[PDB]
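Residue numbers (PDB author numbering), protein chains in the order written: chain B, 0 to 30, 40 to 219; chain A, -1 to 30, 39 to 215; chain D, 1 to 31, 39 to 218; chain C, 1 to 31, 37 to 220.
Heads up, the beta-carbon is just placed ideally off N, CA and C, and yes, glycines get one too.
Please read the structure below before turning to the comments.
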Amino acid sequence: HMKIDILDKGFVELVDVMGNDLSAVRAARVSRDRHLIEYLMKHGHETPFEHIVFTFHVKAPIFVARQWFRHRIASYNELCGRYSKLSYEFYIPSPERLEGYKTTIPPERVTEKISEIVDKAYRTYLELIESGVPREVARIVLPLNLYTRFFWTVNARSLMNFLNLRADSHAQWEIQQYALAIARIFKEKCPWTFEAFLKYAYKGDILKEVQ
Amino acid sequence: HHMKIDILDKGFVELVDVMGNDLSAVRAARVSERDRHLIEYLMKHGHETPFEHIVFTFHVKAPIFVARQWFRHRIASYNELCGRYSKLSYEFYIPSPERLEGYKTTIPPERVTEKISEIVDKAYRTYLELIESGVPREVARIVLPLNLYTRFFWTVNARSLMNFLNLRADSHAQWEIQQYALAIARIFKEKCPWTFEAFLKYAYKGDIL
Amino acid sequence: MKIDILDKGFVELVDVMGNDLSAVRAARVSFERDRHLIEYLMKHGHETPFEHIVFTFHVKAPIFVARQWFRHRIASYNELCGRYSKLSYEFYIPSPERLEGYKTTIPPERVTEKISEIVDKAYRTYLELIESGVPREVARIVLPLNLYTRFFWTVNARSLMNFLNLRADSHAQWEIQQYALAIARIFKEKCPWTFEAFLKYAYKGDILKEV
Amino acid sequence: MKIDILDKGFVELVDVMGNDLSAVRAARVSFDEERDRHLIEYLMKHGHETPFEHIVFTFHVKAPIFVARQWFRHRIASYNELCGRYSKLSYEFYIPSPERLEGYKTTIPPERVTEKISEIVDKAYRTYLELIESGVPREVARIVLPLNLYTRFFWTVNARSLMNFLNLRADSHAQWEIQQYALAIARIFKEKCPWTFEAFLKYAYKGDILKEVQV
Ligand SMILES: Cc1cc2nc3c(=O)[nH]c(=O)nc-3n(C[C@H](O)[C@H](O)[C@H](O)COP(=O)(O)OP(=O)(O)OC[C@H]3O[C@@H](n4cnc5c(N)ncnc54)[C@H](O)[C@@H]3O)c2cc1C
Ligand SMILES: Cc1cc2nc3c(=O)[nH]c(=O)nc-3n(C[C@H](O)[C@H](O)[C@H](O)COP(=O)(O)OP(=O)(O)OC[C@H]3O[C@@H](n4cnc5c(N)ncnc54)[C@H](O)[C@@H]3O)c2cc1C
Ligand SMILES: Cc1cc2nc3c(=O)[nH]c(=O)nc-3n(C[C@H](O)[C@H](O)[C@H](O)COP(=O)(O)OP(=O)(O)OC[C@H]3O[C@@H](n4cnc5c(N)ncnc54)[C@H](O)[C@@H]3O)c2cc1C
Ligand SMILES: Cc1cc2nc3c(=O)[nH]c(=O)nc-3n(C[C@H](O)[C@H](O)[C@H](O)COP(=O)(O)OP(=O)(O)OC[C@H]3O[C@@H](n4cnc5c(N)ncnc54)[C@H](O)[C@@H]3O)c2cc1C
Ligand SMILES: O=c1ccn([C@H]2C[C@H](O)[C@@H](COP(=O)(O)O)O2)c(=O)[nH]1
Ligand SMILES: O=c1ccn([C@H]2C[C@H](O)[C@@H](COP(=O)(O)O)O2)c(=O)[nH]1
Ligand SMILES: O=c1ccn([C@H]2C[C@H](O)[C@@H](COP(=O)(O)O)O2)c(=O)[nH]1
Ligand SMILES: O=c1ccn([C@H]2C[C@H](O)[C@@H](COP(=O)(O)O)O2)c(=O)[nH]1
């Protein structure tokens, strides 16, 4: 499966895809083809693109999932922290993450202070579980940089809205990174639609600079 | 894959595409038989979100009065033949005499059927005449009756599909869309046998499946 | 508030939850610089705050119009049942002025007449079928697409602006354009700041800038 | 109408469009108590749910992130939440009472569970603040914050999607914390739409708690 690594331990993997560029074409005609996709994209006939659908498997920090899951025109199924024992996996920003901000302490110490809290919080979590505290309560001490996993099924129209909002400099850098991988898979599977999207409908800044 | 079921006199439901299978729900429930048991468990308890990861595209030819009921299902995608821009074909649902089974009628069912054909023919000829006169199609078509056939593509996931079958695969629904819902059910069954059996066994609220 | 549309149609306001401040409260999560914030939300595509303004309309429209209208899925509908009601002798007959700009072979007043004729013969066939013991749900299939229907429509400001982007526009059928113009006027009356910022920043259609 | 939930949370009613009769008028498409109340029961009993979509609520809700993350899986509703990338997060966190763990056999007194939870919260928060003073951006500084951090949001939901919410959350299979919130949602729905809430419970409600707990 197309699997792209994101952040220190994250990823976006493509589980499944229904259709391709021609799925939008046939829906539009209800039945020259590449010019029809450009045409549709240029004039804002977005509905035929709903007949292309993807399922992704995504491993992401909770603070990224939280932003992602705001996209309501999609289907999600996520790892359960109430009944599963949660794995020791946390997003630790690289020193380069703080490139462009003037800091009081070196970026290696910032990375160290994050790692410190993470380790303290996880130990506590494990101590609570061992003492017979239910997992659903014990987990509340875990930080927002804990990794979670989920399935995401989303059609090309909603995906393009996701890319307008997340493959953009105003989105938090971490989700941008996920959106770039989504765009990469989208492009591999639906090249005509992806290029037409960038040319006529894409509202973000980064995908027109990041090849 | 590909399946086509003919409905009414000139209608059809055709399966254009599918994403996933019964294991797509299982994979999703688990974020990846014990697997068949899981599908039944999900169905039994109304854990329906996993079934959203199974997706169908259908191509449907149905009368307008059927499509109008159908398109009330908002959790889906539609693209439909455009009467504003295309010259519309002479195809109309004429009920067979058997459609009036049960109903004691004043005129024999054949005459009912013939009365329907005649008004339809008259409406269509007027439509054509207006078009020949230079009347925009979007105006001319307003004389056409609700039994005119339209075509559309329908993309729907298994969860929304089960909602559709609950409502339309049911005696309280009009006979004509019931017939379509039976074709939708048969294709669903072919492609997702486990989910469909579990559905019928545990979740299905209608009465004709 | 009620606006008559076409020959026998209308759009009336049944209810509204909120006003421009409803969006402001939502965007701030609390409870002019308020009006600056509405324009800020609109200019930047921060549309979700407007979802917390909600209208309910009562609309009487021909079925062909209602079918275009009912394509707008992010809203709630309840329509008159034709399966069990005796349907009312009301049909949209176009004015002769409806064919202005079109050079036709028969007079526009004659087009109008041919439309009423069919309406009348169709309705009479329907009544004949009903009187014969044909169930209404079968008899009504002979009725033309210009038959008037009624529905309740509950829609939020955001979905309403989408609707006006697509329907308050010359590419939409004139008939639904007229209805969209009425929706816009009721929208403007209830939420003038949002309506004004919408027109300035986000509105994609053409006719609301003309009329 | 504002109801306190948990230790620092609440459900507050911001607005409402309609009442029981808004569903009746939608169902009839038309702009008599016993007749109207009968209609509501008939709709609910026969699963004609769509008329209830014409009633709509806006809540202001303050809840811990682990609760918000469950809630926000309800996609047929509208949401605006306070922003952690750009606001300085307030020192407010949910600390379970010892009574939250009564009837779990634990190796330590539930008071020590509270102290343990409270301890990490303080550390995480202190680290967060430490990072902010350093010039680390908030969007990054907050990732050390635990899942019991309180958040606030606006929720706009129609009575239909609200009743779904209650079936699933006003139910003992949902996490106890969200149950508490759902009972508050339910009491407010009941106050504003008594006939629909009662018909709902008699005919349509699949949860277990609203039939045992009054309001
Ligand atoms: C840079 C940035 C900053 C953000 N800051 C905040 C913040 O401070 N606080 C906060 O709470 N959120 C914030 N968000 C999240 C944002 O408000 C949306 O919830 C999220 O981006 C999903 O966008 P969407 O609603 O367009 O997508 P979806 O929910 O997938 O909806 C897709 C589309 O369908 C439509 N739609 C779906 N449901 C409805 C509906 N119920 N009514 C009307 N139309 C609907 C809309 O046209 C929408 O564009 C931010 C997002 C970005 C990119
Ligand atoms: C026998 C029969 C008679 C009918 N008679 C009439 C009539 O007289 N008049 C009339 O107008 N309609 C009538 N309908 C149509 C009916 O009111 C629904 O519009 C239609 O069945 C679509 O159902 P749905 O909303 O469940 O499906 P969808 O609209 O696809 O929605 C699927 C599910 O998602 C949810 N959902 C989607 N959108 C929302 C939302 N905005 N708010 C809350 N929840 C939402 C609900 O849980 C719903 O079950 C009839 C249907 C049947 C089967
Ligand atoms: C001039 C004109 C010509 C048209 N011609 C045709 C035609 O020939 N054939 C035809 O079938 N239709 C046609 N339409 C209808 C059109 O394709 C849409 O069905 C209609 O305009 C509703 O728009 P919407 O989907 O944006 O609105 P809604 O359905 O209310 O959706 C609102 C927003 O939410 C989002 N959304 C809601 N559900 C989904 C979903 N399941 N997936 C992805 N995003 C979603 C989208 O972002 C959308 O913009 C035409 C419309 C116009 C104005
Ligand atoms: C006890 C409990 C345990 C849970 N465990 C988990 C877990 O382990 N992992 C996890 O990821 N989630 C879990 N959830 C969340 C659950 O998966 C649902 O996302 C949540 O309950 C929201 O339900 P909903 O989809 O019915 O509501 P909404 O999303 O508001 O939808 C309301 C209705 O509209 C319909 N609808 C809306 N969108 C669609 C669509 N795209 N396709 C088809 N129908 C649609 C459905 O009819 C639905 O009933 C759990 C919930 C509960 C109560
Ligand atoms: O009772 C539950 C369990 C899980 N989830 C959803 C919310 C999150 O997106 C994800 C994991 O939540 P937790 O199990 O960690 O609470 O699944 C719920 O909505 N309700
Ligand atoms: O301008 C248009 C054209 C088409 N349609 C949708 C509505 C119907 O479901 C279908 C066919 O409509 P007509 O072109 O026949 O009006 O496409 C619209 O919504 N607006
Ligand atoms: O069985 C029915 C009856 C009505 N309707 C909806 C579709 C239309 O939007 C409106 C009126 O439909 P008719 O009863 O006229 O078919 O109500 C359905 O979806 N199914
Ligand atoms: O860039 C952003 C900022 C916020 N949010 C949403 C997600 C949460 O529901 C809430 C707060 O997110 P944080 O700012 O705390 O990440 O608003 C986003 O979706 N994207």
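| request: Could you say if the segment 112 to 123 of chain A and the segment 76 to 96 of chain A meet the contact criterion of at least three C-beta pairs nearer than 8 angstroms? | output: By the Cβ test, the segment 112 to 123 of chain A is not in contact with the segment 76 to 96 of chain A, since fewer than three Cβ pairs between them sit closer than 8 angstroms.
| query | Any beta-carbon of chain C closer than 7 angstroms to the one on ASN85 (chain D)? | reply | The sequence position of residue 85 (chain D) within the third sequence is 78, counting from 1. Answer yes: the Cβ-Cβ gap between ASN85 (chain D) and chain C drops below 7 angstroms somewhere.
| Which listed residue (C:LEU150, C:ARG131 and C:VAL162) has its alpha carbon closest to that of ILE60 (chain D) | Stepping through the third sequence from its first residue, residue 60 (chain D) is reached at position 53. Closest by C-alpha distance to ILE60 (chain D), out of C:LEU150, C:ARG131 and C:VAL162, is C:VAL162.
| the segment 49 to 73 of chain D: which residues have C-beta closer than 9 angstroms to a C-beta of chain A, in chain order? | Going along the segment 49 to 73 of chain D in chain order, one finds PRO69, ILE70, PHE71 and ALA73 with a Cβ nearer than 9 angstroms to chain A.
| If we call anything under 7 angstroms between Cβ atoms a contact, is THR63 (chain C) one with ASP127 (chain C)? | Looking up residue 63 (chain C) in the fourth sequence gives position 58. Looking up residue 127 (chain C) in the fourth sequence gives position 122. No, the pair does not count as a contact, with Cβ atoms beyond the cut-off.
| Could you give the residue range of the alpha helix (DSSP H) that holds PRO115 (chain D)? | Stepping through the third sequence from its first residue, residue 115 (chain D) is reached at position 108. That run of the alpha helix (DSSP H) goes 115 to 138.
| request: Compute the minimum distance between the beta carbon of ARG74 (chain A) and the heavy atoms of ligand 7, and state whether it is under 6 angstroms. | output: The residue given as residue 74 (chain A) occupies position 68 in the second sequence. Yes; taking the cut-off as 6 angstroms, the Cβ of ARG74 (chain A) has a heavy atom of ligand 7 nearer than that.
| 8 angstroms contact criterion, which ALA73 (chain D) and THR156 (chain D) should meet: CB distance rounded | Position 66 of the third sequence, counted from the first residue, corresponds to residue 73 (chain D). Position 149 of the third sequence, counted from the first residue, corresponds to residue 156 (chain D). At roughly 5 angstroms, the Cβ-Cβ gap stays under 8 angstroms, so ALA73 (chain D) and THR156 (chain D) are in contact.
| Whole alpha helix (DSSP H) elements within the segment 65 to 95 of chain C, 4-residue minimum | Qualifying alpha helix (DSSP H) stretches, in chain order: 70 to 76.
| request: With DSSP as the reference, please indicate the residues paired to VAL218 (chain C) in a beta bridge. | output: Position 213 of the fourth sequence, counted from the start, is the residue given in the question as residue 218 (chain C). Partner residues in a beta bridge of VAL218 (chain C), as assigned by DSSP, do not exist.
| Are the beta-carbon atoms belonging to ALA189 (chain B) and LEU215 (chain B) less than 7 angstroms from one another? | Position 181 of the first sequence, counting from 1, holds the residue named residue 189 (chain B). Position 207 of the first sequence, counting from 1, holds the residue named residue 215 (chain B). No, these two residues do not count as a Cβ contact at 7 angstroms.
| query | CB of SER83 (chain C) to nearest heavy atom of ligand 1: below 6 angstroms? | reply | The residue you call residue 83 (chain C) lines up with position 78 of the fourth sequence. It does: the Cβ of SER83 (chain C) is within 6 angstroms (strictly closer) of some heavy atom of ligand 1.
| field | Own chain partners of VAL149 (chain B) with C-beta closer than 8 angstroms, once the 5 adjacent residues on each side are dropped | value | Position 141 of the first sequence holds residue 149 (chain B). For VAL149 (chain B), where only same-chain residues beyond five positions count, the Cβ hits under 8 angstroms are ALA129, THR132, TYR133 and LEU136.
| field | chain A contact residues for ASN172 (chain B), given Cβ-Cβ distances below 7 angstroms | value | Looking up residue 172 (chain B) in the first sequence gives position 164. Near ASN172 (chain B) there are no residues of chain A at all, since even the closest Cβ is about 19 angstroms away, more than 7 angstroms.
| query | Which residues, taken in chain order from the segment 14 to 27 of chain D, show a beta carbon closer than 8 angstroms to some beta carbon of chain C? | reply | Within the segment 14 to 27 of chain D, the residues whose Cβ lies closer than 8 angstroms to some Cβ of chain C are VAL14, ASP15, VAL16, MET17, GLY18, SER22, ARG25, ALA26 and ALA27, listed in chain order.
| Shortest alpha-carbon distance to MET1 (chain C) belongs to which of C:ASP213, C:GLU196 and C:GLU203? | Counting from 1 along the fourth sequence, the entry for residue 1 (chain C) is found at position 1. Taking only the C-alpha atoms, the option nearest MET1 (chain C) is C:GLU196.
| task | Look at the Cβ atom of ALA204 (chain C), then the Cβ atom of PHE57 (chain C), and state whether they are nearer than 7 angstroms. | result | As a position in the fourth sequence, residue 204 (chain C) is number 199, starting the count at 1. As a position in the fourth sequence, residue 57 (chain C) is number 52, starting the count at 1. Not closer than 7 angstroms, so no.
| Do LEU6 (chain A) and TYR84 (chain A) have their C-beta atoms closer together than 7 angstroms? | Walking along the second sequence from the start, residue 6 (chain A) turns up at place 8. Walking along the second sequence from the start, residue 84 (chain A) turns up at place 78. Contact flag unset, no.
| message | Suppose the cutoff is 6 angstroms on Cβ atoms and the five residues either side in sequence are ignored; what does the same chain contact list for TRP76 (chain A) look like? | response | As a working mapping, residue 76 (chain A) is identified with position 70 in the second sequence. Correct list: empty, nothing qualifies.
| said: Quick check on the DSSP output: the beta strand (DSSP E) that includes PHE158 (chain B) runs from which residue to which? | reply: Looking up residue 158 (chain B) in the first sequence gives position 150. Its beta strand (DSSP E) spans residues 155 to 163.
| Beta-carbon gap between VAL24 (chain C) and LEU44 (chain C) smaller than 7 angstroms | For the purposes of this step, residue 24 (chain C) is taken as the residue at position 24 of the fourth sequence. For the purposes of this step, residue 44 (chain C) is taken as the residue at position 39 of the fourth sequence. In this structure, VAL24 (chain C) lies near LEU44 (chain C), with their beta-carbon atoms less than 7 angstroms apart.
| message | Using the three-state DSSP reduction, which class does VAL29 (chain A) fall into: helix, strand or coil? | response | Taking the first residue of the second sequence as position 1, residue 29 (chain A) is located at position 31. Note: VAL29 (chain A) maps to coil in three-state DSSP.
| query | Going by the CB atoms, is the gap between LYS50 (chain D) and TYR210 (chain D) shorter than 7 angstroms? | reply | In the third sequence, the residue the question calls residue 210 (chain D) occupies position 203. In the third sequence, the residue the question calls residue 50 (chain D) occupies position 43. No; because the gap between Cβ atoms is not below 7 angstroms, this pair is not in contact.
| query | Skipping 5 residues on each side, what residues in its chain have a beta carbon closer than 7 angstroms to that of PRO101 (chain A)? | reply | The residue given as residue 101 (chain A) occupies position 95 in the second sequence. Listed in chain order, the non-local C-beta contacts of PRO101 (chain A) below 7 angstroms within the same chain comprise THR119 and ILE122, local neighbours out to five positions each way being set aside.
| message | By alpha-carbon positions, which one of C:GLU97, C:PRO69 and C:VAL145 ends up nearest to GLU104 (chain B)? | response | Working through the first sequence from its first residue, we reach residue 104 (chain B) at position 96. Out of C:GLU97, C:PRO69 and C:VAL145, C:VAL145 has the C-alpha closest to the C-alpha of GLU104 (chain B).
| query | Any heavy atom of ligand 6 closer than 6 angstroms to the CB of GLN180 (chain D)? | reply | By one-based count along the third sequence, residue 180 (chain D) stands at place 173. Placement of the Cβ of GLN180 (chain D) at a distance of less than 6 angstroms from at least one heavy atom of ligand 6 is found.
| field | Distance between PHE202 (chain D) and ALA187 (chain A) (C-alpha atoms, nearest Å) | value | The residue you call residue 187 (chain A) lines up with position 181 of the second sequence. The residue you call residue 202 (chain D) lines up with position 195 of the third sequence. Going by the C-alpha atoms only, they are around 42 angstroms apart.
| query | Given a threshold of 16 other Cβ atoms within 10 Å of its Cβ, counted over all protein chains shown, does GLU182 (chain D) qualify as buried or as exposed? | reply | As a position in the third sequence, residue 182 (chain D) is number 175, starting the count at 1. Buried is the call here.
| task | Using only alpha-carbon positions, find the residue among B:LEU106, B:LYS67, B:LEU167 and B:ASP41 that is nearest to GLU97 (chain B). | result | Residue mapping note: residue 97 (chain B) aligns to position 89 of the first sequence, counting from 1. The shortest Cα separation from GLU97 (chain B) among B:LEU106, B:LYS67, B:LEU167 and B:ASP41 belongs to B:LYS67.
| query | Would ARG157 (chain D) count as contacting chain C if we go by Cβ distances under 7 angstroms? | reply | As a position in the third sequence, residue 157 (chain D) is number 150, starting the count at 1. Interface residue, yes.
| query | Which stretch, first to last residue, makes up the beta strand (DSSP E) that contains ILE190 (chain B)? | reply | One-based indexing of the first sequence puts residue 190 (chain B) at position 182. According to the DSSP assignment, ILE190 (chain B) belongs to no beta strand (DSSP E) but to the alpha helix (DSSP H) extending over 181 to 197.
| query | Which residues in the same chain as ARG192 (chain B) place their Cβ atom closer than 7 angstroms to its Cβ, once the five residues preceding and following it in sequence are excluded? | reply | Along the first sequence, read from residue 1 onward, the residue named residue 192 (chain B) stands at position 184. By the criterion of a C-beta distance shorter than 7 angstroms, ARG192 (chain B) is surrounded in its chain by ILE3, once the five residues flanking it on both sides are discounted.
| query | Which chain D residues sit within Cβ distance under 8 angstroms of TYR186 (chain A)? | reply | As a position in the second sequence, residue 186 (chain A) is number 180, starting the count at 1. By Cβ distance, chain D contributes nothing, its closest Cβ being about 15 angstroms from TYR186 (chain A), past 8 angstroms.
| query | Should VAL118 (chain D) be flagged as near chain C, meaning a C-beta pair shorter than 7 angstroms? | reply | The residue you call residue 118 (chain D) lines up with position 111 of the third sequence. The Cβ of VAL118 (chain D) sits no closer than 7 angstroms to any Cβ of chain C.
| For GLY52 (chain B), is the beta carbon positioned less than 6 angstroms from some heavy atom of ligand 6? | Here residue 52 (chain B) refers to the residue found at position 44 when the first sequence is read from its first residue. Not under cutoff, so the answer is no.
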